[PDB]
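*Asks:* Sharing a structure below in structure tokens format, with a few things to ask.
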Amino acid sequence: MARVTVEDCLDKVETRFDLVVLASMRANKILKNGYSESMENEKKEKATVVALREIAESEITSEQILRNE
Amino acid sequence: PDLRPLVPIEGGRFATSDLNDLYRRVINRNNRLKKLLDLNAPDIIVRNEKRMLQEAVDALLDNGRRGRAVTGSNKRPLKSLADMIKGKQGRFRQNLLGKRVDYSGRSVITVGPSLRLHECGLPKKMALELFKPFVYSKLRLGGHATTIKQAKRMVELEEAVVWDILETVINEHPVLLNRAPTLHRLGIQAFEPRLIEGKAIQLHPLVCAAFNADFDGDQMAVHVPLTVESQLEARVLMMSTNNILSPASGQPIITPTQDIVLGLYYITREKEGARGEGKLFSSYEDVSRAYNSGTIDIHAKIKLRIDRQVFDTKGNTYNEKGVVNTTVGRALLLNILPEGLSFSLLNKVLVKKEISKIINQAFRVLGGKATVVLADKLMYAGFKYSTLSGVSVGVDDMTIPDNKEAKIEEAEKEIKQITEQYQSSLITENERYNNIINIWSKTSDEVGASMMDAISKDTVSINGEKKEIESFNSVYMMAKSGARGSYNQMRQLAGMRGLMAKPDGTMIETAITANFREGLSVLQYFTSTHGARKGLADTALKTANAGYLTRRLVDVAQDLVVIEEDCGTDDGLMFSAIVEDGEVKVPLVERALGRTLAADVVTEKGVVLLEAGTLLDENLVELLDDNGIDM
Amino acid sequence: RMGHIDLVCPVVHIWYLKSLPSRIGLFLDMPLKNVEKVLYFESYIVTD
Amino acid sequence: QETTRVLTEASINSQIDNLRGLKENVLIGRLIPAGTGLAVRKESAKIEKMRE
Amino acid sequence: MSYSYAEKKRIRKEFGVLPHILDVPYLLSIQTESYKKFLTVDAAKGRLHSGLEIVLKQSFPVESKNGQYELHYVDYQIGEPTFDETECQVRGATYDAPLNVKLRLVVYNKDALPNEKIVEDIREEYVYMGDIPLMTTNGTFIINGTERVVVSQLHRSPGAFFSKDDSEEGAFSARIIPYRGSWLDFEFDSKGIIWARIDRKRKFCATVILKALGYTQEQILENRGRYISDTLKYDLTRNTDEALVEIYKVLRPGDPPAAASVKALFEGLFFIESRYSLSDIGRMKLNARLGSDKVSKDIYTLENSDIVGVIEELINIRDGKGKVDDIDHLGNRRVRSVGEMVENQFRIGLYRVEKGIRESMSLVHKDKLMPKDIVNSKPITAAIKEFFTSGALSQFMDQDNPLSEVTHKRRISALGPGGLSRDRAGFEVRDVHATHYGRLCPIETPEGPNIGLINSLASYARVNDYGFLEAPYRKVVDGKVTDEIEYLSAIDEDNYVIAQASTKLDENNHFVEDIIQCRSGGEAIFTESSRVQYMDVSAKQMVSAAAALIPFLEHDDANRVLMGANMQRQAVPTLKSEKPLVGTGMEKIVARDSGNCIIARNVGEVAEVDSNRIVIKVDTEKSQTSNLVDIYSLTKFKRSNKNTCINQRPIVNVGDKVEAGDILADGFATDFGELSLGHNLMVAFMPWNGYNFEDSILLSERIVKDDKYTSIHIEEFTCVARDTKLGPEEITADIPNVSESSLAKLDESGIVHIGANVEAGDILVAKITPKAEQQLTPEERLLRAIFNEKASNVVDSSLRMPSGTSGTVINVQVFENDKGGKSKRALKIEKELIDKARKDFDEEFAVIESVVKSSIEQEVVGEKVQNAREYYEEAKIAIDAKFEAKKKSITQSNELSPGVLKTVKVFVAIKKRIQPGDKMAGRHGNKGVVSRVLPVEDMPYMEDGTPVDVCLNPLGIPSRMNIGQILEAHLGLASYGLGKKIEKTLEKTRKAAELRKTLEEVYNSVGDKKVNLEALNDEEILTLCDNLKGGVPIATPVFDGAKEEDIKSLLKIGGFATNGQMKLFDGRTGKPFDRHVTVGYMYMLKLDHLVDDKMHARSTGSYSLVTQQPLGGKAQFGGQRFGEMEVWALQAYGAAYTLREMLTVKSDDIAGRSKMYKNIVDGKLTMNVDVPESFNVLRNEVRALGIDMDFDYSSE
Amino acid sequence: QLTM
DNA sequence: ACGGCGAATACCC
DNA sequence: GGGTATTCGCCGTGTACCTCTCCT
RNA sequence: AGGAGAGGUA
Ligand SMILES: [Mg+2]
């Protein structure tokens, strides 16, 4: 609860349950891309908060783009 | 066979099952009756065999239904197949709604008052077990061990490169903490762990009334969510920062409680003729700098200049300006108020009720994190200014009124006259009951009244100033603060304990005319043990009554879920005020808040105010009371 | 993986007799106080 | 409660259990039909539609 | 007030006004005076027959079947135990003595019943009958090397009890309760028809039983209403045997009526002493209730009139001429102690013995039949051993400190065989009755489901000869209180008016008042003083022994005294003991009336002293003809039942003059013969920074370094050498493939060295057993050819230390193979042990007669055959007896567990300091967990620089009305000041005429007790004054304690304000607090709830077998139970993914656990949750009934 | 919290 | 031990 | 024949945790 | 490995 607020994301998503579903899809796609093991052990963040933050900034993803069918 | 197992024992034995006993007791009658049938043995014994084969199977399926107690070696009835699926210790309960789990631990909880509301203190020794495969992977990742055996090895020697990997692994990885009876859903909350040293768990002081915990011995369990869908579910739904209000009411659960309430109550009181009275400050930095110098009191009335924005009910934002009349202590709290809230919230004495109101407004007008920041800051300020106050309790705080002895002597003379009546047979049940008990019940409260006119008032007469001022007594300020203590509890320390109860409920005619300060005698301390034992006996022979009711309620209503936005219905119930037949006892407002309308709410003249289908909120229930509507 | 036990005499299932009501004393319409005599060898019934 | 009085009747009537419930879904270990267990069904109904 | 040896090294100032009338009786005399009646005879207390012999005497003549054989009990004697109480727990034996009885036979010429046993074969002898465990000198039992206590029992006293059960009207019952037998009870109904019943049979009419005389015409003669008339015209039976067969139809379902089996039953359900008894109390209570004494005082069976009278009184009570009984009165409940219970089990086993003798008295056919091959003794030993090993009232002893033991030996349970259940009972057997006053403590009980059902004993209370508790009072004859103590029972004092100890008397022992609060029917009252009959002897007469250790108890709340008493039975004893500065005058009694302090038996003077023994030189002119020398041996670092440490330390110096009773050593948590469970701390009542927020406690770290709450903890591990089938288990050090570095701390045998520091995970003993048939998988076959691994015909069952633990080995004990020639190692160790131990017995014996001869050559040098020519031949037998037994074992001092060869024990001891997480408490009901140890320059401090020890929140005090906690801190400030008034004088002119003058103002200025220091010499004033430098100790009794005028006077003399309040300074800035704080000297304890043995995390361990879930309990590797209420909460959040894995992949999805672990360690994501393996278990045992539960696909 |  | 519920059977409308 | 009026059996009675010995 | 009895904590 340092610098990612759940109130910041409840302006984009619904129900506080949709937030969990969408954030988990985003996080799973981040983690199934590498994101570690090579050079950034203590130089990055957790995919959970990285995915939860891109929703609170209208960043790399919005709810409609989060699919990647 | 692997479900009725034959595990060995210590020293050449077998702790066999009861399902093998009851299987053998059936095979050994089946075979017997078979080779008895082969020989054409008489019917008068073949029937006796057949009746024995049947009872053996009835016991294999469940003993106790018809037979008596078909019993094993240790004079204890054998456990059948219809006992491994039924009752509190069967399969359904104890194994399928149950499930002991891995990645789990326990410890004792301590207080740790320098935490933020979203944090807990987790020992290194526990956190190293709970997070052990994560550590194996992060070792074998960042080039410390090649195969998992050397990593497993350096984890048990507790190297130096391990205690920082553990700090990076548990960084933004939450954990849930639970207490002994989980009575509602606030008994589990997720936190963010920070490695401490020691063997207890540190628990933020404000999440304690949720858990119902204090720090005289309680313990707690720690579970680790393992998957990203459970790690996100921990942050988004359970994390302690989201659980600000009760789900049974709307009231807040992070309201400061005991000695945060006393500090905030202390500094915001005011003393009339104080040192530095009437000064003129222009900021919070001003009052701070002038206070830190020892030249001005904390209860001195001052004048302060404010200039701040204040949101109101409709949502508009006016501007609060001017020069207000304050106290030094209130103006020292002006630093923690956020923008949106008016200084009229702090500009009062700050009993428990008013602090909860501050937190209510902060949540309704400003939202979630504003409230969890304001609460932390109120926590720190109360903790600090109750200390700097040096507030204690002695034995002279319990001030015993000066009329007590005369009050009691007059009650005694009245009792003597009542029995004087009774000795001439002028009354039978009253002249030894319901009259003496009313004398004593009236004197009890006259003396409890005299005792608050002595612990509440004070006296100064300095500049011809001889008058009564509100006291700063430490026992009084603890009750009037709403921090801890009642009027009856205070009535027994320094008034008189009055009438006691034999367990059946009747009143013991002879009242304890002494309080805990002068000390009870032995014939007075005896008669107060009946009530004490009765209470303690009720307390434990009652949680079963309530736990049963709760379990029934959760089984009747369990599968009810909100599954759609509207059903289109137009029927409902007629709500009113729930009067007693004498007075209101609850308004229609506070009963219709949050409930949506099924019919229009046309007024007595003819025009309507609210259409059907409007979610009533606080900005629409004043129209119900301002326009005289009552159903 | 289970096995079985080839009984040589039939035996009633206690549940279908003493679960109150009895799904056996109700099929025949005879009180369980009378089914329990025939089942534990203390009286006769005329099958035909 | 009353597990035998319930199981005998259920077996005579040859009852069928559509799982369908909160408690029925924890005994067999799958997502309860509430909360995030509903929303994953809902938010996944949107994908097969978008792939069509 | 010096007046003793240790009672004058540090004198305690006493407060209070009430006199001394009766001193607290010996505390344990409920356990020791009841196993004395069982085994010994006393003609002074009129016990001419021990109760071991009243059981034999009443059952023995067997007379098998007209065979010229009749056995007669003659006499008995109890043997001598093999070992002593000290050696049994060492080896693992039970401290018991054999019983041998004298039995004589008789015979004659087997004639036509012409005295077939009168003539010949008059043989007689002593025969072994069984083993009886003996009670040690304190009141415990060593049963397989384990101290135990046999709790007392409160049960329902025999007699006739007329209940009512008020639901309808006219319903009246009447039960006759036996000591042992059948429950004959009657009843009524609003219809008016008397019924009957036997043990639990169905209700059959009352005139049925009346047929013992029948005679329907001779009933109404001795029986005047329509009640039996509604029964006499309800009795269809006319003849006797018809009614008997009717009643027989109730005593046997499915039976046919006989003619000699039916009459035997009725004539032998209430009339055969071998199957029914009222037992001396039923008879007298019956004769009292029914009033008459038509029956004798020794007829323990139901005479015929004891049923006619019961029927008559039932109808009279129904008609209003009488009163019903009170089931919870302590007149209707009697106490049954350990002697009575073991006597019952003795009677049980002896009946089987005497029923087997006469049986095999015939089937034995030989010549010269001695009475030794006909009686067996196994069914006596085996019943007594069953009572002691598996009984429910025979419990592990509570040690943890002296008070735990003293308070466990004084406990009176209502549960147990013959009593209630923790569930059936409710709400009125759990209630403080009016007859508990003086008899049971109405404050001390458990706080769980046992509340009201455990009920320890009061202070002056006495179980009398019938089993009814009693309490002492002072007769008030002719209006003047006299000094004749008298013990009254609950039935007795029902008709007396009883004042209290603290009523006001005036110089002539008259009452000064005219209306006082008395107890007139057990009930309180405000009556004239002319009506009083008795008066209590003390003011702690009402409270227990552990509640009388709490100062200022009349200023506390019973709900909190209840838990203040219960928590000082959990206090760990400390490294160095320390008195309470505020006490009650009862720590001496509790430490003395337990057996932890050493007490001198004779007047003497110390001859030698060290920390192993004390040798007194008996002054024989004032003492008995004693041995001329007393030798006391000392306990040193002994393990306790709670793994704590018991240790004795001597007090005396070589040359000291001691008396009879004086304390010569201190023991388990004692300090100059006073009980010391914790330390005195300087407490400040103020909030500090949220570090005492709820009930937390803040400590000084001047306390951890001062080693205040440090304690020693001894743990005992065992390793056994079995005789397994596939190969014997040997304890040789040749551990296969063990690292050679770990082979250092072990001796040439394979056991550790005494004194090594072992860590978690080291070998303590090395035992090896065989193992063959390896057959490793192909993985090891593809990589084992690179090192050419060797084959192991042996395994390693070698004991290791557990996890987390450490310490140093302080003792190792070995017991080798029973009845087997040991090799050049084990037999050598045993021979050296014998040579060393007999040598120590020699030096112990070479000094006893050394002092004896030093005394013999004392009164003769300055006929010598009187007292010199006897001592030397006496001690030789002592070294003789001790010398063989010290090696006279069974090669393991026991059977060594057949199938096991050697058993070795290892003791490890560790020191434990207080830390954040540990639980602390004071004697006033206030507990709390330590949150922080602050540095010392951060604590508040006094004006002169003295820091503070603890800070305790003041909010908790007025809500929980325990004010004695505040008065204690005031009286502790007072005493701290009084004791610095002495340290000031000691550093300036340390004479003994000055010290004798400051002590006079410290002691004899406040109060009327007057220590009287004019009886100490100047060498004693100098040690008294040097012990009063921490504080002058003060004693305040429990309802007669110090006032507030007195605490104010003492605070003045100490130089403080007449409130406990003073200015403190912020240790972090140095400026004062406003508002003076209350500082004082509260006495604080440390309870056995340390956080070290409570932490327990687990990631993945090992699982069950049937359900395949994790194990549970921190002893295997635990795993916490995510219960069902904890699942309702995850459901109320909507956490579906959290709830699906806490049910499948975390506990018992067998295929999912391995994949989750392999995923985490590799950093991947995948999750299939197939189905929890405990649902397959349930559907597999629902089809083990006849039912088919199955999965399906629903196409329709 | 409620029984009487 | 207590309570509440339900099938069983005997005693009057 | 119908309708109560006892009578008797069955099912239920809070959560988590620690220790000991004893049996198998 | 499992169960009984007994105690205790919240
Ligand atoms: Mg607590």
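Letters A, B, ... mark the chains of the structure tokens in the order given; residue numbers begin at 1 per chain; ligand numbers begin at 1, in order shown.
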What are the residues of chain B that have an atom within 6 Å of an atom of chain E, counting only C-alpha atoms, as a VMD selection string?
*Replies:* chain B and resid 3 97 to 98 100 to 107 110 113 126 129 to 130 133 137 182 185 200 214 to 216 230 383 387 to 393 485 516 519 to 520 530
*Asks:* Produce a file of the selected residues containing N, CA, C and O atoms, as a short mmCIF file (atom, residue, chain, number, x, y, z; two decimals), in the first residue's frame.
*Replies:*
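Contents of the output file selection-v5.cif:
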data_model
loop_
_atom_site.label_atom_id
_atom_site.label_comp_id
_atom_site.auth_asym_id
_atom_site.auth_seq_id
_atom_site.Cartn_x
_atom_site.Cartn_y
_atom_site.Cartn_z
N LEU B 3 -7.46 -47.40 3.67
CA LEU B 3 -8.36 -46.50 4.37
C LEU B 3 -8.74 -47.01 5.75
O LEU B 3 -9.41 -46.30 6.49
N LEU B 97 -14.99 -29.32 5.23
CA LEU B 97 -15.06 -27.91 5.54
C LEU B 97 -13.90 -27.46 6.43
O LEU B 97 -13.96 -26.38 7.01
N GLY B 98 -12.85 -28.27 6.54
CA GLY B 98 -11.79 -28.15 7.51
C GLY B 98 -10.41 -27.90 6.94
O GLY B 98 -10.05 -26.76 6.70
N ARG B 100 -6.52 -28.56 7.67
CA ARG B 100 -5.18 -28.05 7.97
C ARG B 100 -4.39 -27.81 6.70
O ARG B 100 -4.49 -28.58 5.75
N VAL B 101 -3.56 -26.76 6.71
CA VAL B 101 -2.93 -26.23 5.51
C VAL B 101 -1.44 -26.02 5.72
O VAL B 101 -0.95 -25.92 6.84
N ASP B 102 -0.71 -25.95 4.61
CA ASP B 102 0.71 -25.63 4.64
C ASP B 102 0.92 -24.13 4.58
O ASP B 102 -0.03 -23.35 4.54
N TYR B 103 2.18 -23.72 4.52
CA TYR B 103 2.55 -22.31 4.44
C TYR B 103 1.80 -21.51 5.49
O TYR B 103 1.09 -20.55 5.19
N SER B 104 1.96 -21.92 6.74
CA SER B 104 1.13 -21.44 7.81
C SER B 104 1.93 -21.46 9.11
O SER B 104 2.80 -22.30 9.29
N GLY B 105 1.61 -20.54 10.01
CA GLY B 105 2.33 -20.46 11.26
C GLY B 105 1.51 -19.82 12.34
O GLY B 105 0.32 -19.56 12.18
N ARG B 106 2.16 -19.54 13.46
CA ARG B 106 1.50 -19.01 14.64
C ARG B 106 2.52 -18.24 15.46
O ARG B 106 3.72 -18.32 15.21
N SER B 107 2.04 -17.43 16.41
CA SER B 107 2.89 -16.78 17.39
C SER B 107 2.05 -15.95 18.34
O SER B 107 0.83 -15.90 18.21
N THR B 110 2.21 -8.79 19.85
CA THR B 110 2.58 -7.61 20.63
C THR B 110 2.05 -6.38 19.90
O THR B 110 1.36 -6.51 18.89
N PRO B 113 3.53 0.11 18.00
CA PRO B 113 2.72 1.28 17.64
C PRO B 113 3.34 2.27 16.66
O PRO B 113 2.86 3.39 16.53
N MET B 126 10.04 -16.97 11.65
CA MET B 126 8.82 -17.45 11.01
C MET B 126 8.86 -17.19 9.52
O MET B 126 8.64 -18.10 8.70
N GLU B 129 10.75 -19.72 7.37
CA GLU B 129 10.06 -20.97 7.07
C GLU B 129 8.97 -20.75 6.04
O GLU B 129 8.96 -21.40 4.99
N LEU B 130 8.06 -19.81 6.31
CA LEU B 130 6.88 -19.64 5.47
C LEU B 130 7.23 -19.38 4.01
O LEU B 130 6.53 -19.84 3.11
N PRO B 133 10.40 -21.94 -0.31
CA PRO B 133 10.65 -22.21 -1.74
C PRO B 133 10.88 -20.96 -2.56
O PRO B 133 11.65 -20.99 -3.53
N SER B 137 14.22 -20.47 -4.95
CA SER B 137 14.24 -20.01 -6.33
C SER B 137 15.05 -18.74 -6.49
O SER B 137 15.75 -18.56 -7.48
N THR B 182 -13.20 -16.74 14.52
CA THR B 182 -13.46 -15.78 13.45
C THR B 182 -14.96 -15.50 13.45
O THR B 182 -15.75 -16.20 12.83
N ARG B 185 -16.20 -11.30 9.22
CA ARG B 185 -15.21 -11.35 8.16
C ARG B 185 -14.05 -10.41 8.40
O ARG B 185 -13.05 -10.48 7.67
N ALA B 200 7.57 -12.54 18.52
CA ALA B 200 6.16 -12.20 18.51
C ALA B 200 5.80 -11.49 17.21
O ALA B 200 6.66 -11.15 16.40
N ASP B 214 -6.53 -8.22 22.40
CA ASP B 214 -5.69 -7.37 23.22
C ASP B 214 -4.41 -8.12 23.49
O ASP B 214 -4.18 -9.18 22.91
N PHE B 215 -3.55 -7.58 24.34
CA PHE B 215 -2.20 -8.10 24.42
C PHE B 215 -1.90 -8.64 25.80
O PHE B 215 -0.88 -8.30 26.40
N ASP B 216 -2.81 -9.46 26.32
CA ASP B 216 -2.59 -10.19 27.56
C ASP B 216 -2.47 -11.69 27.31
O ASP B 216 -2.69 -12.48 28.21
N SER B 230 -4.63 -15.00 -5.99
CA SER B 230 -4.83 -14.89 -4.55
C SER B 230 -4.00 -13.80 -3.92
O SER B 230 -4.39 -13.26 -2.89
N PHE B 383 -1.07 9.18 21.19
CA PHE B 383 0.00 8.46 21.88
C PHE B 383 1.03 9.41 22.46
O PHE B 383 1.54 9.19 23.56
N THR B 387 1.40 10.64 26.83
CA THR B 387 2.68 10.54 27.50
C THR B 387 3.10 11.86 28.10
O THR B 387 3.19 12.00 29.32
N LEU B 388 3.36 12.85 27.25
CA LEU B 388 3.89 14.12 27.71
C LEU B 388 3.08 14.68 28.86
O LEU B 388 3.56 15.54 29.60
N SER B 389 1.85 14.22 29.00
CA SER B 389 0.97 14.62 30.07
C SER B 389 1.32 14.02 31.42
O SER B 389 0.96 14.60 32.44
N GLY B 390 1.99 12.87 31.44
CA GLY B 390 2.23 12.14 32.66
C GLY B 390 0.97 11.86 33.44
O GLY B 390 0.88 12.20 34.62
N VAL B 391 -0.02 11.26 32.81
CA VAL B 391 -1.30 11.01 33.46
C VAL B 391 -1.23 9.66 34.15
O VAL B 391 -0.75 8.68 33.59
N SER B 392 -1.69 9.61 35.39
CA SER B 392 -1.57 8.43 36.22
C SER B 392 -2.86 8.27 36.99
O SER B 392 -3.87 8.92 36.71
N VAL B 393 -2.84 7.39 37.99
CA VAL B 393 -3.96 7.16 38.88
C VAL B 393 -3.41 6.87 40.25
O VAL B 393 -2.49 6.06 40.40
N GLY B 485 -14.25 3.23 31.16
CA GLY B 485 -14.84 3.31 32.48
C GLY B 485 -16.27 3.80 32.43
O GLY B 485 -16.64 4.63 31.60
N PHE B 516 -14.64 -0.16 47.25
CA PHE B 516 -13.35 -0.82 47.18
C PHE B 516 -12.23 0.03 47.74
O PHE B 516 -11.09 -0.44 47.80
N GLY B 519 -12.41 -0.68 51.57
CA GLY B 519 -12.24 -2.11 51.66
C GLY B 519 -13.47 -2.81 52.19
O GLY B 519 -14.08 -2.33 53.15
N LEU B 520 -13.84 -3.93 51.59
CA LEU B 520 -14.98 -4.71 52.06
C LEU B 520 -14.57 -5.58 53.23
O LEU B 520 -13.42 -5.98 53.35
N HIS B 530 -21.34 -14.72 44.95
CA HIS B 530 -22.43 -15.38 44.26
C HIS B 530 -22.65 -14.77 42.88
O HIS B 530 -22.66 -15.48 41.87
#
*Asks:* Write down as number ranges by chain the residues of segment 761-827 of chain E whose backbone DSSP state falls under strand (DSSP E or B).
*Replies:* E: 763, 765, 768-770, 794-796, 800, 807-815
*Asks:* Could you give me, as an mmCIF file with N, CA and C atoms, in the first residue's frame, the residues within 12 Å of residue 42 of chain D, counting only C-alpha atoms (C1' of nucleotides) and dropping anything in the same chain fewer than 5 positions from it?
*Replies:*
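Wrote part12.cif, looks like this:
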data_model
loop_
_atom_site.group_PDB
_atom_site.id
_atom_site.type_symbol
_atom_site.label_atom_id
_atom_site.label_comp_id
_atom_site.auth_asym_id
_atom_site.auth_seq_id
_atom_site.Cartn_x
_atom_site.Cartn_y
_atom_site.Cartn_z
ATOM 1 N N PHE A 17 -14.241 -6.735 -8.055
ATOM 2 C CA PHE A 17 -14.013 -8.108 -8.492
ATOM 3 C C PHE A 17 -13.504 -8.176 -9.922
ATOM 4 N N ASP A 18 -14.076 -7.350 -10.801
ATOM 5 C CA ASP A 18 -13.527 -7.180 -12.136
ATOM 6 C C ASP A 18 -12.085 -6.715 -12.073
ATOM 7 N N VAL A 21 -9.931 -9.766 -11.512
ATOM 8 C CA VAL A 21 -9.856 -10.614 -12.700
ATOM 9 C C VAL A 21 -8.935 -9.996 -13.749
ATOM 10 N N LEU A 22 -9.129 -8.711 -14.036
ATOM 11 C CA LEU A 22 -8.358 -8.061 -15.086
ATOM 12 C C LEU A 22 -6.896 -7.912 -14.697
ATOM 13 N N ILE B 563 -27.018 -11.294 -7.834
ATOM 14 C CA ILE B 563 -26.667 -11.845 -9.139
ATOM 15 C C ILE B 563 -27.135 -11.000 -10.314
ATOM 16 N N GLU B 564 -27.813 -9.878 -10.090
ATOM 17 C CA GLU B 564 -28.287 -9.053 -11.190
ATOM 18 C C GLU B 564 -28.617 -7.668 -10.670
ATOM 19 N N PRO D 33 -19.665 -20.005 -6.580
ATOM 20 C CA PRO D 33 -20.348 -19.092 -7.504
ATOM 21 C C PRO D 33 -20.703 -17.764 -6.841
ATOM 22 N N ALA D 34 -19.676 -17.003 -6.485
ATOM 23 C CA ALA D 34 -19.846 -15.693 -5.885
ATOM 24 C C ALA D 34 -18.528 -14.948 -5.990
ATOM 25 N N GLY D 35 -18.613 -13.635 -5.893
ATOM 26 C CA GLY D 35 -17.414 -12.831 -5.850
ATOM 27 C C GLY D 35 -16.619 -12.915 -7.124
ATOM 28 N N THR D 36 -15.364 -13.321 -6.987
ATOM 29 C CA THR D 36 -14.465 -13.486 -8.116
ATOM 30 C C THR D 36 -14.747 -14.754 -8.902
ATOM 31 N N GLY D 37 -15.594 -15.643 -8.381
ATOM 32 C CA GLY D 37 -15.962 -16.831 -9.124
ATOM 33 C C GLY D 37 -17.047 -16.574 -10.136
ATOM 34 N N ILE D 47 -14.767 -12.990 -24.011
ATOM 35 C CA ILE D 47 -13.658 -13.312 -24.897
ATOM 36 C C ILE D 47 -14.114 -14.182 -26.062
ATOM 37 N N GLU D 48 -14.857 -15.261 -25.798
ATOM 38 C CA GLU D 48 -15.328 -16.077 -26.918
ATOM 39 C C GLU D 48 -16.200 -15.262 -27.857
ATOM 40 N N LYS D 49 -16.897 -14.256 -27.330
ATOM 41 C CA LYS D 49 -17.626 -13.341 -28.195
ATOM 42 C C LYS D 49 -16.669 -12.523 -29.054
#
*Asks:* Can you tell me which residues surround segment 33-44 of chain C at a distance of at most 10 Å, considering only C-alpha atoms (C1' of nucleotides), apart from same-chain residues fewer than 2 positions away, and format the answer as a PyMOL selection string?
*Replies:* (chain B and resi 47-48+50-52+54-55) or (chain C and resi 11-12+17-18+24-25+28-31+46-47)
*Asks:* Give the residues of chain H that lie within 8 Å of chain B; count only C-alpha atoms (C1' of nucleotides), and format the answer as a PyMOL selection string.
*Replies:* chain H and resi 13-16+24
*Asks:* Neighbouring residues of residue 52 of chain A were defined as those with any atom within 8 Å, considering only C-alpha atoms (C1' of nucleotides); residues of the same chain fewer than 2 positions away were excluded. Please report them as a CSV table (one decimal) with C-alpha atoms, in the first residue's frame.
*Replies:*
chain,number,residue,atom,x,y,z
A,4,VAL,CA,-0.7,1.9,-5.8
A,9,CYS,CA,-8.3,1.8,-10.0
A,23,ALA,CA,-5.3,-7.4,-13.0
A,48,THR,CA,1.0,-7.8,-9.2
A,49,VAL,CA,1.6,-4.1,-8.5
A,50,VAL,CA,3.0,-3.5,-12.0
A,54,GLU,CA,-1.2,0.3,-15.4
A,55,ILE,CA,-4.9,0.3,-14.7
A,56,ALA,CA,-4.7,3.3,-12.3
*Asks:* Specify as a PDB file with C-alpha atoms (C1' of nucleotides), in the first residue's frame all residues of chain I found within 8 Å of chain E, counting only C-alpha atoms (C1' of nucleotides).
*Replies:*
ATOM      1  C1'   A I   1       0.874 -42.937  13.065  1.00  0.00           C
ATOM      2  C1'   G I   5      -8.105 -39.611  30.153  1.00  0.00           C
ATOM      3  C1'   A I   6      -6.314 -35.190  32.691  1.00  0.00           C
TER       4        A I   6
END
*Asks:* Could you list, as a PyMOL selection string, the residues of chain H having an atom within 9 Å of chain E when counting only C-alpha atoms (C1' of nucleotides)?
*Replies:* chain H and resi 15-22
*Asks:* Create the file for the chosen residues now, containing C-alpha atoms (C1' of nucleotides) and written as a PDB file, in the first residue's frame.
*Replies:*
ATOM      1  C1'  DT H  15     -13.223 -21.967  17.608  1.00  0.00           C
ATOM      2  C1'  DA H  16      -8.133 -22.464  17.633  1.00  0.00           C
ATOM      3  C1'  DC H  17      -3.869 -24.047  20.462  1.00  0.00           C
ATOM      4  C1'  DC H  18      -0.325 -26.489  24.218  1.00  0.00           C
ATOM      5  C1'  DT H  19       1.332 -30.335  27.803  1.00  0.00           C
ATOM      6  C1'  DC H  20       1.468 -35.089  30.333  1.00  0.00           C
ATOM      7  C1'  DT H  21       0.887 -40.438  30.610  1.00  0.00           C
ATOM      8  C1'  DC H  22      -1.285 -44.736  28.692  1.00  0.00           C
TER       9       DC H  22
END
